[PDB]
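One file, work-v6.pdb, carrying PDB, C-alpha atoms:
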```pdb
ATOM      1  CA  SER A 190      -9.100 -56.763  50.430  1.00  0.00           C
ATOM      2  CA  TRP A 191      -9.761 -53.274  51.857  1.00  0.00           C
ATOM      3  CA  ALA A 192      -6.141 -52.244  52.411  1.00  0.00           C
ATOM      4  CA  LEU A 193      -5.253 -48.819  50.986  1.00  0.00           C
ATOM      5  CA  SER A 194      -1.566 -48.618  50.121  1.00  0.00           C
ATOM      6  CA  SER A 195       0.027 -45.167  50.124  1.00  0.00           C
ATOM      7  CA  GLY A 196       3.160 -43.854  48.465  1.00  0.00           C
ATOM      8  CA  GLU A 197       5.420 -44.395  51.468  1.00  0.00           C
ATOM      9  CA  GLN A 198       3.463 -47.363  52.880  1.00  0.00           C
ATOM     10  CA  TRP A 199       2.704 -50.527  50.909  1.00  0.00           C
ATOM     11  CA  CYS A 200       0.193 -53.123  52.031  1.00  0.00           C
ATOM     12  CA  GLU A 201       1.241 -56.679  52.838  1.00  0.00           C
ATOM     13  CA  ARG A 202      -1.284 -59.472  53.268  1.00  0.00           C
ATOM     14  CA  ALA A 203      -1.918 -59.616  57.006  1.00  0.00           C
ATOM     15  CA  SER A 204      -2.276 -63.123  58.414  1.00  0.00           C
ATOM     16  CA  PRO A 205      -3.733 -64.372  61.708  1.00  0.00           C
ATOM     17  CA  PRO A 206      -1.264 -64.058  64.595  1.00  0.00           C
ATOM     18  CA  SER A 207       0.890 -67.153  65.092  1.00  0.00           C
ATOM     19  CA  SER A 208       0.326 -67.764  68.790  1.00  0.00           C
ATOM     20  CA  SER A 209      -1.420 -70.185  71.137  1.00  0.00           C
ATOM     21  CA  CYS A 210      -3.853 -68.945  73.773  1.00  0.00           C
ATOM     22  CA  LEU A 221      -8.992 -69.345  84.892  1.00  0.00           C
ATOM     23  CA  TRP A 222     -10.126 -65.722  85.021  1.00  0.00           C
ATOM     24  CA  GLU A 223     -13.591 -66.321  83.522  1.00  0.00           C
ATOM     25  CA  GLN A 224     -14.765 -62.849  84.552  1.00  0.00           C
ATOM     26  CA  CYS A 225     -16.334 -62.718  81.082  1.00  0.00           C
ATOM     27  CA  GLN A 226     -19.300 -64.481  82.683  1.00  0.00           C
ATOM     28  CA  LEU A 227     -20.231 -61.094  84.168  1.00  0.00           C
ATOM     29  CA  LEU A 228     -21.903 -60.264  80.851  1.00  0.00           C
ATOM     30  CA  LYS A 229     -24.492 -62.957  81.648  1.00  0.00           C
ATOM     31  CA  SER A 230     -24.352 -63.223  85.467  1.00  0.00           C
ATOM     32  CA  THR A 231     -24.264 -59.674  86.840  1.00  0.00           C
ATOM     33  CA  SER A 232     -27.703 -58.113  87.167  1.00  0.00           C
ATOM     34  CA  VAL A 233     -26.731 -54.820  85.521  1.00  0.00           C
ATOM     35  CA  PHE A 234     -25.339 -56.404  82.355  1.00  0.00           C
ATOM     36  CA  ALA A 235     -28.218 -58.847  81.929  1.00  0.00           C
ATOM     37  CA  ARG A 236     -30.611 -55.947  81.332  1.00  0.00           C
ATOM     38  CA  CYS A 237     -29.206 -55.910  77.785  1.00  0.00           C
ATOM     39  CA  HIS A 238     -29.968 -59.551  76.973  1.00  0.00           C
ATOM     40  CA  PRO A 239     -33.374 -58.625  75.471  1.00  0.00           C
ATOM     41  CA  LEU A 240     -31.589 -56.191  73.131  1.00  0.00           C
ATOM     42  CA  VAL A 241     -28.160 -57.648  72.287  1.00  0.00           C
ATOM     43  CA  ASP A 242     -27.023 -61.240  72.665  1.00  0.00           C
ATOM     44  CA  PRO A 243     -23.882 -61.407  74.859  1.00  0.00           C
ATOM     45  CA  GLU A 244     -22.610 -64.729  73.476  1.00  0.00           C
ATOM     46  CA  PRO A 245     -20.268 -63.225  70.836  1.00  0.00           C
ATOM     47  CA  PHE A 246     -18.858 -60.766  73.361  1.00  0.00           C
ATOM     48  CA  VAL A 247     -18.199 -63.454  75.958  1.00  0.00           C
ATOM     49  CA  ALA A 248     -16.583 -65.633  73.285  1.00  0.00           C
ATOM     50  CA  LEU A 249     -14.236 -62.818  72.286  1.00  0.00           C
ATOM     51  CA  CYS A 250     -13.497 -62.274  75.969  1.00  0.00           C
ATOM     52  CA  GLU A 251     -12.580 -65.944  76.390  1.00  0.00           C
ATOM     53  CA  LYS A 252     -10.236 -65.653  73.419  1.00  0.00           C
TER      54      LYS A 252
ATOM     55  CA  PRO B1265     -63.123 -46.979  86.969  1.00  0.00           C
ATOM     56  CA  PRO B1266     -60.038 -48.156  85.043  1.00  0.00           C
ATOM     57  CA  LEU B1267     -57.220 -45.679  85.541  1.00  0.00           C
ATOM     58  CA  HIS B1268     -55.724 -45.995  82.046  1.00  0.00           C
ATOM     59  CA  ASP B1269     -57.141 -48.925  80.038  1.00  0.00           C
ATOM     60  CA  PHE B1270     -57.805 -52.064  82.105  1.00  0.00           C
ATOM     61  CA  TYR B1271     -60.159 -53.232  84.850  1.00  0.00           C
ATOM     62  CA  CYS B1272     -60.332 -56.980  85.543  1.00  0.00           C
ATOM     63  CA  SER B1273     -63.569 -56.572  87.495  1.00  0.00           C
ATOM     64  CA  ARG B1274     -64.196 -60.231  88.275  1.00  0.00           C
ATOM     65  CA  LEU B1275     -64.196 -62.492  91.313  1.00  0.00           C
ATOM     66  CA  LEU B1276     -60.524 -63.055  92.097  1.00  0.00           C
ATOM     67  CA  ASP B1277     -58.157 -63.703  95.006  1.00  0.00           C
ATOM     68  CA  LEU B1278     -54.608 -62.469  94.429  1.00  0.00           C
ATOM     69  CA  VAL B1279     -51.475 -62.498  96.588  1.00  0.00           C
ATOM     70  CA  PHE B1280     -48.104 -60.928  95.798  1.00  0.00           C
ATOM     71  CA  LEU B1281     -44.729 -62.222  96.988  1.00  0.00           C
ATOM     72  CA  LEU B1282     -42.356 -59.278  96.588  1.00  0.00           C
ATOM     73  CA  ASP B1283     -38.883 -60.699  97.135  1.00  0.00           C
ATOM     74  CA  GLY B1284     -36.842 -59.228  99.983  1.00  0.00           C
ATOM     75  CA  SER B1285     -33.375 -60.579  99.176  1.00  0.00           C
ATOM     76  CA  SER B1286     -30.358 -58.328  98.705  1.00  0.00           C
ATOM     77  CA  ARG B1287     -30.147 -59.354  95.036  1.00  0.00           C
ATOM     78  CA  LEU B1288     -32.803 -56.741  94.243  1.00  0.00           C
ATOM     79  CA  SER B1289     -31.092 -53.443  95.046  1.00  0.00           C
ATOM     80  CA  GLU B1290     -32.945 -50.577  96.718  1.00  0.00           C
ATOM     81  CA  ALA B1291     -33.782 -49.068  93.328  1.00  0.00           C
ATOM     82  CA  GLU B1292     -34.728 -52.489  91.957  1.00  0.00           C
ATOM     83  CA  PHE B1293     -36.992 -53.125  94.945  1.00  0.00           C
ATOM     84  CA  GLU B1294     -38.570 -49.708  94.402  1.00  0.00           C
ATOM     85  CA  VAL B1295     -39.193 -50.676  90.774  1.00  0.00           C
ATOM     86  CA  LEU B1296     -40.836 -53.878  92.007  1.00  0.00           C
ATOM     87  CA  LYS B1297     -43.062 -51.836  94.324  1.00  0.00           C
ATOM     88  CA  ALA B1298     -43.981 -49.615  91.383  1.00  0.00           C
ATOM     89  CA  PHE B1299     -44.813 -52.782  89.448  1.00  0.00           C
ATOM     90  CA  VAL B1300     -47.126 -54.101  92.156  1.00  0.00           C
ATOM     91  CA  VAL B1301     -48.845 -50.735  92.650  1.00  0.00           C
ATOM     92  CA  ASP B1302     -49.377 -50.146  88.927  1.00  0.00           C
ATOM     93  CA  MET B1303     -50.595 -53.749  88.723  1.00  0.00           C
ATOM     94  CA  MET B1304     -53.256 -53.540  91.421  1.00  0.00           C
ATOM     95  CA  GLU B1305     -54.238 -50.113  90.060  1.00  0.00           C
ATOM     96  CA  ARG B1306     -55.875 -51.853  87.075  1.00  0.00           C
ATOM     97  CA  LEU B1307     -57.908 -54.319  89.174  1.00  0.00           C
ATOM     98  CA  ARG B1308     -61.314 -53.992  90.843  1.00  0.00           C
ATOM     99  CA  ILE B1309     -59.803 -53.824  94.317  1.00  0.00           C
ATOM    100  CA  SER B1310     -62.564 -54.946  96.680  1.00  0.00           C
ATOM    101  CA  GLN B1311     -63.423 -58.069  98.643  1.00  0.00           C
ATOM    102  CA  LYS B1312     -66.455 -58.468  96.371  1.00  0.00           C
ATOM    103  CA  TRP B1313     -64.371 -58.793  93.187  1.00  0.00           C
ATOM    104  CA  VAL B1314     -60.586 -58.753  93.744  1.00  0.00           C
ATOM    105  CA  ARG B1315     -58.645 -59.548  96.922  1.00  0.00           C
ATOM    106  CA  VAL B1316     -55.039 -58.322  96.975  1.00  0.00           C
ATOM    107  CA  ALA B1317     -52.312 -59.150  99.486  1.00  0.00           C
ATOM    108  CA  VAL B1318     -48.612 -58.243  99.445  1.00  0.00           C
ATOM    109  CA  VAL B1319     -46.285 -60.608 101.321  1.00  0.00           C
ATOM    110  CA  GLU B1320     -42.620 -59.620 101.448  1.00  0.00           C
ATOM    111  CA  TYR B1321     -40.453 -62.579 102.468  1.00  0.00           C
ATOM    112  CA  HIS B1322     -36.909 -62.016 103.752  1.00  0.00           C
ATOM    113  CA  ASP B1323     -36.619 -65.448 105.360  1.00  0.00           C
ATOM    114  CA  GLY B1324     -39.993 -64.899 106.991  1.00  0.00           C
ATOM    115  CA  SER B1325     -43.268 -63.518 105.676  1.00  0.00           C
ATOM    116  CA  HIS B1326     -43.946 -59.811 106.205  1.00  0.00           C
ATOM    117  CA  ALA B1327     -47.535 -59.481 105.007  1.00  0.00           C
ATOM    118  CA  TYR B1328     -48.404 -55.785 104.838  1.00  0.00           C
ATOM    119  CA  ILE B1329     -51.854 -56.208 103.247  1.00  0.00           C
ATOM    120  CA  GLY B1330     -54.014 -59.264 103.871  1.00  0.00           C
ATOM    121  CA  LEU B1331     -56.522 -60.638 101.390  1.00  0.00           C
ATOM    122  CA  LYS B1332     -59.142 -60.313 104.151  1.00  0.00           C
ATOM    123  CA  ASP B1333     -58.485 -56.586 104.632  1.00  0.00           C
ATOM    124  CA  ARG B1334     -61.240 -54.181 103.559  1.00  0.00           C
ATOM    125  CA  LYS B1335     -60.024 -50.617 102.989  1.00  0.00           C
ATOM    126  CA  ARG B1336     -60.069 -47.940 100.322  1.00  0.00           C
ATOM    127  CA  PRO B1337     -58.029 -48.966  97.250  1.00  0.00           C
ATOM    128  CA  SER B1338     -56.087 -45.715  97.651  1.00  0.00           C
ATOM    129  CA  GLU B1339     -55.040 -46.855 101.126  1.00  0.00           C
ATOM    130  CA  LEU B1340     -53.935 -50.191  99.674  1.00  0.00           C
ATOM    131  CA  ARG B1341     -51.921 -48.309  97.048  1.00  0.00           C
ATOM    132  CA  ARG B1342     -50.259 -46.287  99.798  1.00  0.00           C
ATOM    133  CA  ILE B1343     -49.427 -49.396 101.834  1.00  0.00           C
ATOM    134  CA  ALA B1344     -48.014 -51.192  98.791  1.00  0.00           C
ATOM    135  CA  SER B1345     -45.838 -48.180  97.988  1.00  0.00           C
ATOM    136  CA  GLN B1346     -44.738 -48.193 101.649  1.00  0.00           C
ATOM    137  CA  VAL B1347     -43.385 -51.760 101.727  1.00  0.00           C
ATOM    138  CA  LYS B1348     -39.959 -51.415 103.316  1.00  0.00           C
ATOM    139  CA  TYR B1349     -36.790 -52.727 101.674  1.00  0.00           C
ATOM    140  CA  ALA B1350     -35.701 -55.690 103.783  1.00  0.00           C
ATOM    141  CA  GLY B1351     -32.422 -56.289 101.963  1.00  0.00           C
ATOM    142  CA  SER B1352     -31.895 -59.753 103.435  1.00  0.00           C
ATOM    143  CA  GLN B1353     -28.904 -61.855 102.431  1.00  0.00           C
ATOM    144  CA  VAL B1354     -31.119 -64.859 101.616  1.00  0.00           C
ATOM    145  CA  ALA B1355     -34.805 -65.169 100.790  1.00  0.00           C
ATOM    146  CA  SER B1356     -36.845 -68.375 101.029  1.00  0.00           C
ATOM    147  CA  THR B1357     -39.328 -69.330  98.321  1.00  0.00           C
ATOM    148  CA  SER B1358     -40.280 -72.442 100.294  1.00  0.00           C
ATOM    149  CA  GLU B1359     -40.957 -70.444 103.461  1.00  0.00           C
ATOM    150  CA  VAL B1360     -43.246 -67.953 101.715  1.00  0.00           C
ATOM    151  CA  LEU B1361     -44.989 -70.809  99.906  1.00  0.00           C
ATOM    152  CA  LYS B1362     -45.662 -72.504 103.243  1.00  0.00           C
ATOM    153  CA  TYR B1363     -46.869 -69.205 104.696  1.00  0.00           C
ATOM    154  CA  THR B1364     -49.382 -68.667 101.902  1.00  0.00           C
ATOM    155  CA  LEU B1365     -50.467 -72.317 101.934  1.00  0.00           C
ATOM    156  CA  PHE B1366     -51.104 -72.554 105.685  1.00  0.00           C
ATOM    157  CA  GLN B1367     -51.761 -69.052 107.068  1.00  0.00           C
ATOM    158  CA  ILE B1368     -53.062 -67.081 104.053  1.00  0.00           C
ATOM    159  CA  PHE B1369     -54.861 -69.717 101.949  1.00  0.00           C
ATOM    160  CA  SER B1370     -55.926 -72.496 104.307  1.00  0.00           C
ATOM    161  CA  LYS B1371     -59.497 -71.440 105.235  1.00  0.00           C
ATOM    162  CA  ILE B1372     -61.375 -71.319 101.922  1.00  0.00           C
ATOM    163  CA  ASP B1373     -64.395 -69.032 102.282  1.00  0.00           C
ATOM    164  CA  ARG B1374     -65.007 -67.741  98.735  1.00  0.00           C
ATOM    165  CA  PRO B1375     -64.843 -70.430  96.018  1.00  0.00           C
ATOM    166  CA  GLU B1376     -66.340 -67.983  93.504  1.00  0.00           C
ATOM    167  CA  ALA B1377     -62.843 -66.574  92.949  1.00  0.00           C
ATOM    168  CA  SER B1378     -59.547 -68.354  92.254  1.00  0.00           C
ATOM    169  CA  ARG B1379     -56.206 -68.465  94.056  1.00  0.00           C
ATOM    170  CA  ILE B1380     -53.175 -66.996  92.275  1.00  0.00           C
ATOM    171  CA  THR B1381     -49.709 -66.424  93.756  1.00  0.00           C
ATOM    172  CA  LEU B1382     -47.122 -64.216  92.030  1.00  0.00           C
ATOM    173  CA  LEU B1383     -43.724 -65.505  93.158  1.00  0.00           C
ATOM    174  CA  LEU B1384     -41.280 -62.791  92.073  1.00  0.00           C
ATOM    175  CA  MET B1385     -38.060 -64.652  92.773  1.00  0.00           C
ATOM    176  CA  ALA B1386     -34.802 -62.739  92.426  1.00  0.00           C
ATOM    177  CA  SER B1387     -32.317 -64.979  94.276  1.00  0.00           C
ATOM    178  CA  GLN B1388     -31.368 -68.633  94.660  1.00  0.00           C
ATOM    179  CA  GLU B1389     -32.716 -70.225  97.824  1.00  0.00           C
ATOM    180  CA  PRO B1390     -30.076 -72.543  99.346  1.00  0.00           C
ATOM    181  CA  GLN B1391     -30.643 -76.201  98.533  1.00  0.00           C
ATOM    182  CA  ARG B1392     -30.827 -77.080 102.233  1.00  0.00           C
ATOM    183  CA  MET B1393     -34.000 -74.963 102.398  1.00  0.00           C
ATOM    184  CA  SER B1394     -35.615 -76.645  99.354  1.00  0.00           C
ATOM    185  CA  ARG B1395     -36.595 -79.863 101.147  1.00  0.00           C
ATOM    186  CA  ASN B1396     -40.361 -79.241 100.969  1.00  0.00           C
ATOM    187  CA  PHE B1397     -40.593 -77.018  97.878  1.00  0.00           C
ATOM    188  CA  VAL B1398     -42.294 -79.608  95.668  1.00  0.00           C
ATOM    189  CA  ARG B1399     -44.505 -80.667  98.574  1.00  0.00           C
ATOM    190  CA  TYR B1400     -45.787 -77.127  99.104  1.00  0.00           C
ATOM    191  CA  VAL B1401     -46.250 -76.579  95.366  1.00  0.00           C
ATOM    192  CA  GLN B1402     -48.355 -79.738  95.168  1.00  0.00           C
ATOM    193  CA  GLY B1403     -50.316 -78.745  98.267  1.00  0.00           C
ATOM    194  CA  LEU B1404     -51.137 -75.389  96.703  1.00  0.00           C
ATOM    195  CA  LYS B1405     -52.168 -77.295  93.578  1.00  0.00           C
ATOM    196  CA  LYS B1406     -54.646 -79.294  95.668  1.00  0.00           C
ATOM    197  CA  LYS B1407     -56.047 -76.057  97.121  1.00  0.00           C
ATOM    198  CA  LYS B1408     -56.887 -74.804  93.596  1.00  0.00           C
ATOM    199  CA  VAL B1409     -53.968 -72.360  93.506  1.00  0.00           C
ATOM    200  CA  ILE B1410     -52.060 -71.221  90.414  1.00  0.00           C
ATOM    201  CA  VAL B1411     -48.480 -70.068  91.007  1.00  0.00           C
ATOM    202  CA  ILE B1412     -47.115 -67.638  88.414  1.00  0.00           C
ATOM    203  CA  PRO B1413     -43.326 -67.646  88.948  1.00  0.00           C
ATOM    204  CA  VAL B1414     -41.467 -64.547  87.757  1.00  0.00           C
ATOM    205  CA  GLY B1415     -37.704 -64.893  87.347  1.00  0.00           C
ATOM    206  CA  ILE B1416     -36.970 -61.201  87.822  1.00  0.00           C
ATOM    207  CA  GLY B1417     -33.186 -61.121  87.929  1.00  0.00           C
ATOM    208  CA  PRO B1418     -30.411 -63.110  86.269  1.00  0.00           C
ATOM    209  CA  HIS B1419     -29.722 -64.706  89.659  1.00  0.00           C
ATOM    210  CA  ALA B1420     -33.384 -65.714  90.001  1.00  0.00           C
ATOM    211  CA  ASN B1421     -33.377 -69.474  90.552  1.00  0.00           C
ATOM    212  CA  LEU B1422     -34.627 -70.877  87.245  1.00  0.00           C
ATOM    213  CA  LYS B1423     -34.602 -74.557  88.239  1.00  0.00           C
ATOM    214  CA  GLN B1424     -37.550 -73.896  90.548  1.00  0.00           C
ATOM    215  CA  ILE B1425     -39.017 -71.989  87.609  1.00  0.00           C
ATOM    216  CA  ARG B1426     -40.592 -74.307  85.035  1.00  0.00           C
ATOM    217  CA  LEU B1427     -40.599 -76.818  87.894  1.00  0.00           C
ATOM    218  CA  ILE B1428     -43.526 -74.952  89.392  1.00  0.00           C
ATOM    219  CA  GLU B1429     -44.926 -75.016  85.854  1.00  0.00           C
ATOM    220  CA  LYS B1430     -44.174 -78.731  85.500  1.00  0.00           C
ATOM    221  CA  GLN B1431     -46.320 -79.576  88.544  1.00  0.00           C
ATOM    222  CA  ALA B1432     -49.418 -77.688  87.337  1.00  0.00           C
ATOM    223  CA  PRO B1433     -51.405 -77.081  84.121  1.00  0.00           C
ATOM    224  CA  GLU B1434     -51.773 -73.300  84.422  1.00  0.00           C
ATOM    225  CA  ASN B1435     -48.572 -72.351  86.270  1.00  0.00           C
ATOM    226  CA  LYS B1436     -46.890 -69.957  83.827  1.00  0.00           C
ATOM    227  CA  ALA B1437     -43.369 -68.578  84.225  1.00  0.00           C
ATOM    228  CA  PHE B1438     -42.408 -65.027  83.237  1.00  0.00           C
ATOM    229  CA  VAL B1439     -38.609 -65.188  83.213  1.00  0.00           C
ATOM    230  CA  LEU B1440     -37.151 -61.679  82.959  1.00  0.00           C
ATOM    231  CA  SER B1441     -33.599 -60.353  82.843  1.00  0.00           C
ATOM    232  CA  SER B1442     -34.231 -57.128  84.783  1.00  0.00           C
ATOM    233  CA  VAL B1443     -36.985 -55.291  86.626  1.00  0.00           C
ATOM    234  CA  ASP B1444     -37.277 -52.963  83.627  1.00  0.00           C
ATOM    235  CA  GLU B1445     -38.958 -55.767  81.676  1.00  0.00           C
ATOM    236  CA  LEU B1446     -41.754 -55.677  84.263  1.00  0.00           C
ATOM    237  CA  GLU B1447     -43.102 -52.437  82.807  1.00  0.00           C
ATOM    238  CA  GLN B1448     -42.902 -53.937  79.316  1.00  0.00           C
ATOM    239  CA  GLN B1449     -44.736 -57.133  80.302  1.00  0.00           C
ATOM    240  CA  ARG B1450     -47.245 -55.579  82.727  1.00  0.00           C
ATOM    241  CA  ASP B1451     -50.060 -55.672  80.169  1.00  0.00           C
ATOM    242  CA  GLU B1452     -49.186 -59.221  79.116  1.00  0.00           C
ATOM    243  CA  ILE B1453     -49.136 -60.403  82.737  1.00  0.00           C
ATOM    244  CA  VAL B1454     -52.473 -58.809  83.624  1.00  0.00           C
ATOM    245  CA  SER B1455     -53.967 -60.252  80.441  1.00  0.00           C
ATOM    246  CA  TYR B1456     -52.718 -63.744  81.286  1.00  0.00           C
ATOM    247  CA  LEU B1457     -54.094 -63.502  84.817  1.00  0.00           C
ATOM    248  CA  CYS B1458     -57.463 -62.417  83.424  1.00  0.00           C
ATOM    249  CA  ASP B1459     -57.532 -65.386  81.029  1.00  0.00           C
ATOM    250  CA  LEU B1460     -57.892 -67.579  84.118  1.00  0.00           C
ATOM    251  CA  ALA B1461     -60.828 -65.371  85.089  1.00  0.00           C
ATOM    252  CA  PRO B1462     -63.166 -66.825  87.749  1.00  0.00           C
ATOM    253  CA  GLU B1463     -65.813 -64.320  86.582  1.00  0.00           C
TER     254      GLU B1463
END
```
Step by step, read the file and then write its structure as structure tokens.
Amino acid sequence: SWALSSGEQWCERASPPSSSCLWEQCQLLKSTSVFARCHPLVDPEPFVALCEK
Amino acid sequence: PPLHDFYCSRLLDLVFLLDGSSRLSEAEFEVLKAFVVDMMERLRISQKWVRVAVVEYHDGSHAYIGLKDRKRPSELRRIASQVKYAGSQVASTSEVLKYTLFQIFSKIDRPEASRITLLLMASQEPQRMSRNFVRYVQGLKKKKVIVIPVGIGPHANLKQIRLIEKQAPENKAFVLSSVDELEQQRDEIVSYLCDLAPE
């Protein structure tokens, strides 16, 4: 809904990619000591979820 | 003479358990030393009112200041700031608990005050070394001792935390994510300790 078509470029409805998705290093956001300092400020759950994706 | 705002000038017996595992880096261990120094700075440090003892455990107790020691509080500050960084690969909560139960608090001579142990865990003791953990916690409970676990780091064993609380009415856990939170919660911790004031 926020696409801005130009004269030479015309917007087309973008759709979610048609694809199908163990490293698991994303756990560092909640396991490493340095990262965990942020847990009081910002919840790492969304970030780790995006990392899993 | 309170340095900034607080002076818990009441009969008390206090022991610290600065962790010596490698999980707390050199800077983190220095922050912990700053915590303990700034903590005792706001207490009436004297055998008459407050007894302070720092016991670094790196798989073996390394008591630098004993609760029986009688020296100038400035000297105690200096010693606390001078606690060396062990940097051991594995600490032992059970070992330090046994040390405090048998060799530090086993010869009651001042019931006027209370017994409080600040277990500042920052690493997971191997399960093979946790055979007598509950036994020592209960034994300290019999001796009128309140254990205040502090889960400093993310690796701080949390199963033992709230398990010390489970086997006691007053055992309160202060689970933190980093040593930085110690400065934030210093006032809260000293307040909580002074709620259980022996007067």
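Across the model, the gap from atom CA of residue 1421 of chain B to atom CA of residue 227 of chain A is 16.8 Å.
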With a cut-off of 9 Å, could you pull out the residues of chain A touching chain B and give me the nearest pair of atoms for each, distance in Å to one decimal, using all atoms listed in the file, ordered by chain and ascending number, as a Markdown table?
```
| residue | atom | partner | partner_atom | distance |
| --- | --- | --- | --- | --- |
| A:229 | CA | B:1418 | CA | 7.5 |
| A:230 | CA | B:1418 | CA | 6.1 |
| A:231 | CA | B:1418 | CA | 7.1 |
| A:232 | CA | B:1418 | CA | 5.8 |
| A:233 | CA | B:1442 | CA | 7.9 |
| A:235 | CA | B:1441 | CA | 5.7 |
| A:236 | CA | B:1442 | CA | 5.1 |
| A:237 | CA | B:1441 | CA | 8.0 |
| A:238 | CA | B:1441 | CA | 6.9 |
| A:239 | CA | B:1441 | CA | 7.6 |
```
(message) I need the residue nearest residue 1375 of chain B from this list: B:1363, B:1284, B:1408, B:1446. Use all atoms listed in the file for the distance.
(response) B:1408
(message) Please list as a ChimeraX atom specification every residue within 12 Å of residue 1283 of chain B, counting all atoms listed in the file and excluding residues in the same chain fewer than 2 positions away.
(response) /B:1280-1281,1285-1290,1292-1297,1300,1318-1327,1347-1357,1359-1360,1382-1389,1413-1417,1420,1443
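Relative to atom CA of residue 1426 of chain B, atom CA of residue 1305 of chain B is found at 28.2 Å.
In this structure, atom CA of residue 1271 of chain B sits 17.1 Å away from atom CA of residue 1380 of chain B.
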(request) Decode the PyMOL selection byres ((chain A and resi 251) around 12) for the given file into explicit residues and return them as a ChimeraX atom specification. (result) /A:210,221-228,244-250,252
Selection above as a file: C-alpha atoms, as a PDB file, in the coordinates of the input:
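Output saved as selection.pdb:
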```pdb
ATOM      1  CA  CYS A 210      -3.853 -68.945  73.773  1.00  0.00           C
ATOM      2  CA  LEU A 221      -8.992 -69.345  84.892  1.00  0.00           C
ATOM      3  CA  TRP A 222     -10.126 -65.722  85.021  1.00  0.00           C
ATOM      4  CA  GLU A 223     -13.591 -66.321  83.522  1.00  0.00           C
ATOM      5  CA  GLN A 224     -14.765 -62.849  84.552  1.00  0.00           C
ATOM      6  CA  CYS A 225     -16.334 -62.718  81.082  1.00  0.00           C
ATOM      7  CA  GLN A 226     -19.300 -64.481  82.683  1.00  0.00           C
ATOM      8  CA  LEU A 227     -20.231 -61.094  84.168  1.00  0.00           C
ATOM      9  CA  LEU A 228     -21.903 -60.264  80.851  1.00  0.00           C
ATOM     10  CA  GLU A 244     -22.610 -64.729  73.476  1.00  0.00           C
ATOM     11  CA  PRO A 245     -20.268 -63.225  70.836  1.00  0.00           C
ATOM     12  CA  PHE A 246     -18.858 -60.766  73.361  1.00  0.00           C
ATOM     13  CA  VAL A 247     -18.199 -63.454  75.958  1.00  0.00           C
ATOM     14  CA  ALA A 248     -16.583 -65.633  73.285  1.00  0.00           C
ATOM     15  CA  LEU A 249     -14.236 -62.818  72.286  1.00  0.00           C
ATOM     16  CA  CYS A 250     -13.497 -62.274  75.969  1.00  0.00           C
ATOM     17  CA  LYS A 252     -10.236 -65.653  73.419  1.00  0.00           C
TER      18      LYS A 252
END
```
If we count all atoms listed in the file, what is near residue 191 of chain A at a cut-off of 12 Å, once residues fewer than 4 positions away on the same chain are taken out, given as a PDB file with C-alpha atoms, keeping the file's coordinate frame?
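Final output, saved to selection14.pdb:
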```pdb
ATOM      1  CA  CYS A 200       0.193 -53.123  52.031  1.00  0.00           C
ATOM      2  CA  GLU A 201       1.241 -56.679  52.838  1.00  0.00           C
ATOM      3  CA  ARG A 202      -1.284 -59.472  53.268  1.00  0.00           C
ATOM      4  CA  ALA A 203      -1.918 -59.616  57.006  1.00  0.00           C
TER       5      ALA A 203
END
```
(request) Could you pull out every residue with an atom within 12 Å of (-62.0, -72.8, 96.4), file coordinates, counting all atoms listed in the file, and send them as a PyMOL selection string? (result) chain B and resi 1275-1277+1369-1380+1404-1410+1462
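Of the listed residues B:1395, B:1274, B:1412, B:1313, the one whose atoms come nearest to residue 1429 of chain B is B:1412, with distances taken using all atoms listed in the file.
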(request) Evaluate the PyMOL selection byres ((chain B and resi 1396) around 12) on the structure here and hand back the selected residues as a ChimeraX atom specification. (result) /B:1356-1362,1391-1395,1397-1403
(request) Please provide the set of residues having any atom within 10 Å of residue 1457 of chain B, restricted to all atoms listed in the file, with same-chain residues fewer than 2 positions apart removed, written as a list in words. (result) residues 1272, 1276, 1278, 1380, 1410, 1412, 1436, 1451, 1452, 1453, 1454, 1455, 1459, 1460 and 1461 of chain B
